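Everything on this sheet refers to the single structure shown next.
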Amino acid sequence: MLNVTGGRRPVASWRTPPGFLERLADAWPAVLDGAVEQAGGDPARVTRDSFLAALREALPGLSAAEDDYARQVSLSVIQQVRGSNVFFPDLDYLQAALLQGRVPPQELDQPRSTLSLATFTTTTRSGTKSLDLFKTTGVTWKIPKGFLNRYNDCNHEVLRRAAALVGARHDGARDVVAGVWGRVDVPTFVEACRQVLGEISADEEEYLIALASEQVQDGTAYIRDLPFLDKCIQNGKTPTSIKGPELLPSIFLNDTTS
Amino acid sequence: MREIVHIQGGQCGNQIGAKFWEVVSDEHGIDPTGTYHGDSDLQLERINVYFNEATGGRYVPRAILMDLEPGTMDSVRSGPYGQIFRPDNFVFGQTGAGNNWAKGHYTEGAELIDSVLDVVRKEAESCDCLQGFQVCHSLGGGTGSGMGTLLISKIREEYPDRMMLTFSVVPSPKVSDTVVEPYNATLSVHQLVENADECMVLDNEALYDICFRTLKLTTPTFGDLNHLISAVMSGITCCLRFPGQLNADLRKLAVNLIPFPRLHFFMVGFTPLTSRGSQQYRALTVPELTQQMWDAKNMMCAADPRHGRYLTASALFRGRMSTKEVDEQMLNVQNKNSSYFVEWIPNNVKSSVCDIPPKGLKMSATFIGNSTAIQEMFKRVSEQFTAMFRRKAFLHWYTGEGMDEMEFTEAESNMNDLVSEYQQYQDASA
Amino acid sequence: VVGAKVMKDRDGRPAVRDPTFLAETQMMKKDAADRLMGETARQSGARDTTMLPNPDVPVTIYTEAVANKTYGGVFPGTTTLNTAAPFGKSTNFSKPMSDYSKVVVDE
Amino acid sequence: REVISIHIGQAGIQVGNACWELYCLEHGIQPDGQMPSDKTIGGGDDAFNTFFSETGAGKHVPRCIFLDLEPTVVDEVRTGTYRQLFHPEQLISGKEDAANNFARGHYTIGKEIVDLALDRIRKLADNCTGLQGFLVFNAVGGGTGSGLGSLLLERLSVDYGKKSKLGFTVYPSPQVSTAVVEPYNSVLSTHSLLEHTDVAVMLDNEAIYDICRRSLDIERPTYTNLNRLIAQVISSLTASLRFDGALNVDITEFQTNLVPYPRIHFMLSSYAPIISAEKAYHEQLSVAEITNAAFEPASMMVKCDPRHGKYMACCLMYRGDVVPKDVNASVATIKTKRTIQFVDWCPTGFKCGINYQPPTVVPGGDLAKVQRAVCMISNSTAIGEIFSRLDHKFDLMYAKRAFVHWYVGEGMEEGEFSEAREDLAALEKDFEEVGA
Amino acid sequence: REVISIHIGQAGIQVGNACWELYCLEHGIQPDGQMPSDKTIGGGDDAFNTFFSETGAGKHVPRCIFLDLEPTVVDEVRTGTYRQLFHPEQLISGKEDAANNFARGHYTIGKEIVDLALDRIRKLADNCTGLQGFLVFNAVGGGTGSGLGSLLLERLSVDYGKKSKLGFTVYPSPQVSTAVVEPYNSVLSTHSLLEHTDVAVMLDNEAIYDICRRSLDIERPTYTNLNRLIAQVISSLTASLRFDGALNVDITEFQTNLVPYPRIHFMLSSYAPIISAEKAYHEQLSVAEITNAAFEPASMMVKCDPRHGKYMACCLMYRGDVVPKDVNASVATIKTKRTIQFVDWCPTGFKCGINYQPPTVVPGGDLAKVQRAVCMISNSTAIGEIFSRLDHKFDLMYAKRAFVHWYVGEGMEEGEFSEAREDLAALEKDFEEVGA
Amino acid sequence: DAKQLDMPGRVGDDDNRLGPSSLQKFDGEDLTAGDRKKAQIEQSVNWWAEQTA
Ligand SMILES: Nc1nc2c(ncn2[C@@H]2O[C@H](COP(=O)(O)OP(=O)(O)OP(=O)(O)O)[C@@H](O)[C@H]2O)c(=O)[nH]1
Ligand SMILES: Nc1nc2c(ncn2[C@@H]2O[C@H](COP(=O)(O)OP(=O)(O)OP(=O)(O)O)[C@@H](O)[C@H]2O)c(=O)[nH]1
Ligand SMILES: Nc1nc2c(ncn2[C@@H]2O[C@H](COP(=O)(O)OP(=O)(O)O)[C@@H](O)[C@H]2O)c(=O)[nH]1
Ligand SMILES: [Mg+2]
Ligand SMILES: [Mg+2]
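From first to last, the protein sequence lines stand for chains A, B, C, D, E and F. According to full-length UniProt numbering, the first sequence is numbered sequentially starting from 1. According to full-length UniProt numbering, the second sequence is numbered sequentially starting from 1. According to full-length UniProt numbering, the third sequence is numbered sequentially starting from 162. According to full-length UniProt numbering, the fourth sequence is numbered sequentially starting from 2. According to full-length UniProt numbering, the fifth sequence is numbered sequentially starting from 2. According to full-length UniProt numbering, the sixth sequence is numbered sequentially starting from 106.
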């Protein structure tokens, strides 16, 4: 099956005979006719025996290894899917598998992560996530120069305003356990920070946006923990458990300082 | 001026403490960010009893958390009103006693308690005039019971003058979690009768009974049990924190309730507590508070007081009340049920009034009755302890650690003579 | 016409039922009473719950707590950045100092 | 909190092949090794740390060693879909079988395989920091599972001594049996399973067969279905270490609250609800009845009848939609009923535990996705009935000196037979005397 | 409050299946399990809880166990319309019949099925919390209805005892009969039906044939029509448990107000009006004439004439638009009339009960939508007539020891034949003395 | 007429006066349980239809 989500399963990847791909490229439009007319006129009802016979008649050719390769690949393809194992689910899947020489084809692979000179973009389940270098690692962000002096004095008013913006009655402390403090949107947080600290430079504001957009929970739109976001912004550090495959080496081997 | 250092031991200790600090923080109007937000000035003058001003309106509680498992501390730090404690005061080990009193008293306690003693001493001299230490723990687990008990003994040896409250829940057979509950409760109680100043016996059995019969909740999770016990602790120390027409500190209550030094186990209640279907139909008078306060099905212990005699009793009231009404109700209660009160102590009811209610309530009450029905609980535990100990069940888990057989014999004998002294004081005459 | 339990009283008057008193005196469970009388109980006690974004996660008490963001407060636990598997133990605060994955944001 | 799991035998690593498939699914780890692309920048749980270790660049190599003597089933693991998941060194494999021969597996091939095995485990424990305990998996029927199984448990106990070794063993069932010399293997194994295991959990096969025949209505069950639900039991008693719960118990609690005497560690496990997808459609799941369902002998994991015995202690792991309110109500009803009876010396014979995460399904598994479940681990005297049932059919074959020449040729003598027999006799006297 | 109903025999589950059709229609249950709220105008309430349990996910399964020995009729239920309604697990089906044999059904086969049955009923009773009582449906003519029907009742009295066990039995008719060994079956069943049934209600088939011939004037009825109006009787005597009326009578009152001696519980029954869709419009239904019509022998459910007997006690259930005034007037004029007579030592020989909800109709049934109805359950000495007529033709066959070799070959002997004979003799002496 | 001029201690579910310190409103009592059970039913129906298919 090709339309399935596509998962990271390891591959077998037989080595293909040399003169096989260029001959399949022009022969397969005939093999598709042969297999269908042998299966009775409709797709998805082809036995691997009928497919091998149609292949053998369409490409006379077929030295020993060149035939054994096709037979073994067809066998793996038919077992790919759990069920009856009497027919082929997708003829196009089989064709692509036979061309690449991989049991699961190149087309069924993941989307990957783009890494332009600075940024790092990952297409995730809910939207896309991005990480801008030259000013951060996974764990520690680079704090702006004149921000902490101005933040540490008016620190608490930021959250008082952030909760008043989402509708917290600041007289009673019932709403904090009710959970209205839990849900705070990212633009509302930055707007409260603007209303508290006055003019916020574009750089410092972007710093705030980045840290909040990190700390926000996946799925929902609001942050998880406001008093924790406080010490987060104060310390300039983040509990990100930055993972391995392609982001972890690309941060610490490349020269992102200058 | 008068100060209370809070100590929470173990999982139950930490979760009770978390709801307690939430309750107090709302009473004094401090938000999760650790700054003042309230309206009345009457909240500021007596937060030195519980907090310490750090920097520009930043009050951190005077608490010391102590346990042996990471999950409990994260449950503390992750919730709201969790980012207000100081991380230095989070003395904390990570092996885990695991329902083993010997582990919590000889192996892990013996090396972790010195670091706990550092933090508690540092926070003890952080203030001027100690009123007393407030230790909240359990008697079922190990890291609460065992280490908490060694902490009590060491503190009482360092500072013997200051007061010492201990809110201890006792394992009840009706809701009995672990198997070695009696092996922990028996040894812990024996140390409590010689070290603690006064104890306030709670139990989950009566707490569940309250949430079912009186509150009539549907899903009484542990959040509400901690909710109830926390309200009890706040009601105890309202008099320190707020001006009253008749004040009553911790040492004043203790001297009015404890007639003899070994006889310091109290049963507690709270008023008002009514279901939300029945809050439409009620009134708020002092008689309306007393009828629910002295109600046997509102105590927070599983001891029916009409099975014994109230040695002494105490009542702390809060709200705009009339002292004549307060004292006439106590007199009427003492005169109607004239058999459940001891003879050789006339006027067995100490009382006090404070003018500041909890936020949103009009009037409230808190009861502390030192009865002789508490020997019902200790006999109920000691009979299970001797049931196992006649047969050395589970005994190897302690004996293979440094404990011997004599510790169990003396612990049972100390439990035996205590319920003997309670029986004799119940059967005394004049 | 399905027959009610208590249809009419001694006089010829229809009966308006009080689900809250039933939920109190456990004559029926509240979870049943609300669904059975969804019209009055919504007016009497009930309101809707907040749902997780992913429907594959089972819906239980703790999942509703973590949905409406009262998880850490009502229930002793630790809040998690992920929401597909909410109750994953996270011990960043308690991790020893030399642990290979330990940040010091809280301290 | 960290725990490593060693598997000894062809049954051990088939159970492990089902257990680890369940663990990767519970933590969202793709079978090639690493979490999906969503969790690459910020990540998440940090719960996996007790079973996996985050290696290198996007890999989570589990904390276990499969070990066997024939390379057949091990290479099946090496060539399956989990080629990438297990480090190559961890999957140990000898050259020739022990072949249902305890002596062969204990004196002939053990001496060269166990040194490599424990020199791997040592560097696994050194990578570990907060080791909770080991947990072993073996069937005492064969030769590898019993022979070097016993040899490994012996050398583990001399290297560590007091560390908790949870032993999930598989005995031969009374009637459904697949070998002939398995009585000899079982008796010679239990003489060291008594003395080196901390807590042992019996798992007979015909009991699980009746479970799949009756409850899950799988009319033709293979071994993969058995190993699937055995994995469910392991997952349910370790979920407290992995995910946070309202009332947690670790591995140290089992040793504390279920072993009243150091020589009595044999636990009849159980599980509920074992329900198919159609009976779940018809039957409601509430804490009261699944607590009852965990106590009936038609849902235990060992073919024995506790109505003949007296419960010593009981442990109850709950997962999912569970409040302490009703579990206290349920254990109340259990303790007031009299269709089951406890031992007099234990008056508080229960221990509950609650976790938040409900058990998962495995695609291809037949259990329905439920909101709650219960795993009981009890202790009784029905186990003492099992050992004598096995002791009799060992003494039958030993009276005529059947098959003895195989063991004596491989290196032992007949003093081992006499001493293993009188050990079972002493253990029988111990169980009868405790139950009084 | 809950009441769970067990059914024993091929007539048991056919009666059970007309009852449960009527119950599902009364509480608006679609046969696939759920109730559509839109279609039913009636107000919603938890009245259904005494039969259906809120199971699974928005599903209601009855509190019932069909049990039979032939797989034919049970598997026919599993293939019919109500497939998804019942459990697959509650319909207990044996593999081989008792085949018109109390012996085969009480000694040989009962000992295998009774353990599975009553160790399932324990799980239903555990699901209940306010269990009112069991009620049994059986025909005593067959083998499993008689044999293990008595074995079930015996082990019920041992297991529970104080919970009420209402019995609705079906005796063979005097002249219309389907079997030959039924005298032996009925006698050997009734010896235990004496001391183990709490309240027994007799139901004969020719009497019901008379009803459908005379009143409903269906000239060619089947067992379904018999099953249908028997379900009308059962529904109308549990309606007080289900729907509260002006004067309710629960299941504990029949025991109190109709059983003057612990060994005298056999109740004539009746029903009125049993009226087709065309006599309904013409006849004006009022409380007076339906109280009259429920008292003639032309309208009873047992072929006997109480004119030869004395009414020991009576019980009148009313449904629909009944005020207490006229029901009190009708019971007054019955008390004054001398065509029937009450026993002298019982002066107040009535117990009325009134429920507001009218009895429902089954679309495709034969009854019309009726405003008000009466279900009488009385007690007399005409039952002493029935058992003596049956005892005559039991000793008739037993004189030549006919068919005896069947029972002796199954495991019986001659002693229980003798003692079951003289037991009916003592009971006859009992009824003749009480009627004095 | 202090009794007659006084409000009831708790007025309904949402009440601005009733914080956590005052014990008139408990979190443990939940009025959302009714609909939460409905959500459970929907989840189970979907899951088991999928598994059956
Ligand atoms: N529960 C369970 N038992 C199994 C399974 N597979 C094999 N067994 C048991 O394994 C026992 C025989 O030993 P094996 O595991 O087959 O082989 P061995 O233990 O490695 O001994 P050798 O054959 O000498 O290598 C039998 O009693 C089976 O019950 C399984 O998948 N599940
Ligand atoms: N009233 C009534 N009686 C029935 C009905 N169906 C069967 N019977 C009676 O059932 C009696 C015999 O028992 P059956 O139910 O036929 O068979 P059984 O009870 O399973 O006993 P075995 O045939 O030996 O297995 C006969 O007297 C029939 O009159 C019915 O629908 N209504
Ligand atoms: N009131 C209350 N009791 C609790 C709580 N948690 C556990 N318990 C009780 O404490 C006993 C076990 O205590 P445990 O957790 O082992 O104490 P610790 O481990 O030393 O902190 C059990 O009987 C529980 O019923 C809680 O949060 N509140
Ligand atoms: Mg093998
Ligand atoms: Mg039949």
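Cβ atoms here follow ideal geometry from the backbone N, Cα and C, with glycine treated the same way.
Coarse secondary structure for residue i, derived from DSSP in three states
i: residue 451(D); result: An answer regarding residue 451(D) cannot be provided, because it is not within the stretch 2 to 437 covered by chain D.
i: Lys326(E); result: helix
i: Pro364(D); result: strand
i: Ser174(E); result: coil
i: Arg2(B); result: strand
i: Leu187(B); result: helix
Interface flag, residue i vs chain F, CB-CB below 9 Å
i: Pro216(C); result: yes
i: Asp327(D); result: no
i: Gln372(D); result: yes
i: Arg174(A); result: yes
9 Å Cβ cutoff, residue i in contact with chain B
i: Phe248(C); result: no
i: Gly164(C); result: no
Chain A within 9 Å of residue i, Cβ atoms only
i: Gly124(F); result: yes
i: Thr244(C); result: yes
i: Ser255(C); result: no
i: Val264(C); result: yes
Residue from the options whose Cα sits closest to the Cα of residue i
i: residue 270(A); options: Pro32(D), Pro37(D), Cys20(D) and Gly44(D); result: This structure cannot speak to residue 270(A), because chain A is shown only from 1 to 258.
i: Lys60(E); options: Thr41(E), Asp76(E) and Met36(E); result: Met36(E)
i: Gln43(B); options: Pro32(B), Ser234(B) and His28(B); result: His28(B)
i: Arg46(B); options: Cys238(B), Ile258(B) and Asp417(B); result: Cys238(B)
i: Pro18(A); options: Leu99(A), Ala35(A), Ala30(A) and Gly41(A); result: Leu99(A)
i: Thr73(E); options: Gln133(E), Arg123(E) and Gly10(E); result: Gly10(E)
i: residue 261(A); options: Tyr223(C), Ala193(C), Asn215(C) and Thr231(C); result: Past the edges of chain A, shown from 1 to 258, lies residue 261(A), and the structure says nothing about it.
Residue i: contacting residues in chain I (beta-carbon distance under 7 Å)
i: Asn128(E); result: Of the protein chains in the structure, A, B, C, D, E and F, none is chain I.
Chain D contact for residue i (CB, 9 Å cutoff)
i: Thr241(C); result: yes
Closer than 8 Å: residue i CB and nearest ligand 6 heavy atom
i: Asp205(E); result: This structure lacks ligand 6; the ligands present are ligand 1, ligand 2, ligand 3, ligand 4 and ligand 5.
Taking a cut of 7 Å between CB atoms, which residues from the region 131-157 of chain F lie near chain B? Taking 7 Å as the upper bound on Cβ-Cβ separation, chain B lies near residues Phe131, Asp132, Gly133, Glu134, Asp135 and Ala138 of the region 131-157 of chain F.
May I have all residues whose beta carbon comes closer than 5 Å to any heavy atom of ligand 3, sorted in chain order? With the criterion CB distance below 5 Å from any heavy atom of ligand 3, the matching residues run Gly10(B), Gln11(B), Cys12(B), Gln15(B), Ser138(B), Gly140(B), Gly141(B), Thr143(B), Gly144(B), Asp177(B), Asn204(B), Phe222(B) and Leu225(B) along the chain.
Neighbourhood of ligand 5 [Cβ distance below 5 Å to any heavy atom], ordered by chain position: Listed by chain position, these are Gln11(E) and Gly143(E).
Closer than 8 Å, Cβ to any Cβ of chain D: which residues of the region 224-237 of chain C, in chain order? Answer in chain order: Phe236 and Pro237.
Members of the region 138-162 of chain D that neighbour chain F once the beta carbon cut-off is set at 9 Å: Within the region 138-162 of chain D, no residue places its CB atom closer than 9 Å to a CB of chain F.
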